[PDB]
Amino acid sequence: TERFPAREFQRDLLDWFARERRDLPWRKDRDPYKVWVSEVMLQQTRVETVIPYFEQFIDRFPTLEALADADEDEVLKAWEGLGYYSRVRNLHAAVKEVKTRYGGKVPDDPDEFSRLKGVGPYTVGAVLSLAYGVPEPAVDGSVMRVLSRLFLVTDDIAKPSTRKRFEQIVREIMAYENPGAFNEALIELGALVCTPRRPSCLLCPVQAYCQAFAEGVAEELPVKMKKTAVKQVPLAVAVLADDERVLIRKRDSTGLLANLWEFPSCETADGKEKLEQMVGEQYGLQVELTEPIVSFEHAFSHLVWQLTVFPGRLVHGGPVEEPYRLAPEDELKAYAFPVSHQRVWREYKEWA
């Protein structure tokens, strides 16, 4: 970027930003903890989705120390529905490490902050630039689009060599007087103006510096790979009631939807049979199912569940063995369920 009028670019970008910057809950102050939380929540999740989750989370866990001391169950429930749930296990671990190793002070050194679980190259830039003024780039998906257009970067943005290129662009053009403002403005541009399709280039404060605008190829950029097809996964789910409460179980601490509660379920096309062999395997449990009541798909980034719900009734001769639990209906909202199984419940509840 040797012929790039960085100072004029910065002026124009940061004058636009002060006029148009959205009033968002995590912009109300620059507390390193609250900034960090918002930036974890914001990973692969849109601002408007995050807003109510951030507000509730901080009401519940208002300080790094208050989060570090909380039970893992209450932390997970606070994330219920947001997706990519290891973010919150990682953040939880990271705040405990900050509390013990760093005295409850978020490290302002990039290497030390990035060593915390959950903190990748985007989060280290976003948190340190915003809370501490550190001039680290905060290159997210939208920034990569903006910079690919401004500087006509025609390389696949998934490559490390492209990422290094974007990081180098940002270091050359950044306003070291206000790196947090500069980083937020590039993101904000990508969100309200330089959008994936039909960018509002005529409304764009940096149109004069944009090579893709000049050559007329904004919409061919950035260069990404088409997403491959994802495995579809037949999943039989059983909603069982003893009417004396409903049978649920907690998932594994590892892997998909770890530590979330679910209705008993089995992968397969004889769902009625496969589920009966499973539930009976448990201690003192006897079950008989009903005809299915609904079938629906639930998508993940890497696979797609094809859920088939089966209602049924239970008969326990005593305690229900871990990992299983009996829960009165009234008490289900207390547990953390994936969205797929939240739907399972709503479909079974209206089915009556």
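For every residue, the number given is its place in the sequence shown, counted from 1.
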{"item": "Count class of coordinate-free deposited residues lying between the neighbours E244 and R245", "value": "1 to 3"}
{"item": "Residues of the deposited sequence left unbuilt between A269 and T268", "value": "1 to 3"}
{"item": "Between 54-62 and 320-328 (mean CA B-factor, as deposited), the higher", "value": "320-328"}
{"item": "Mean Cα B-factor comparison, 233-241 or 269-277, giving the higher one as deposited", "value": "269-277"}
{"item": "Which of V88, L256, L150, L203 ranks first by CA B-factor in the deposited coordinates", "value": "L203"}
{"item": "Largest Cα B-factor, entry values, listed residues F300, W26, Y283, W36", "value": "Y283"}
{"item": "Ranked against its chain, the third holding the CA B-factor of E215", "value": "highest"}
{"item": "Chain third (lowest, middle, highest) by recorded CA B-factor, residue given as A68", "value": "middle"}
{"item": "Within-chain third of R249 by Cα B-factor, per the entry", "value": "middle"}
{"item": "Chain thirds of CA B-factor: placement of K77", "value": "middle"}
{"item": "CA B-factor ranking of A185, expressed as a third of its chain", "value": "lowest"}
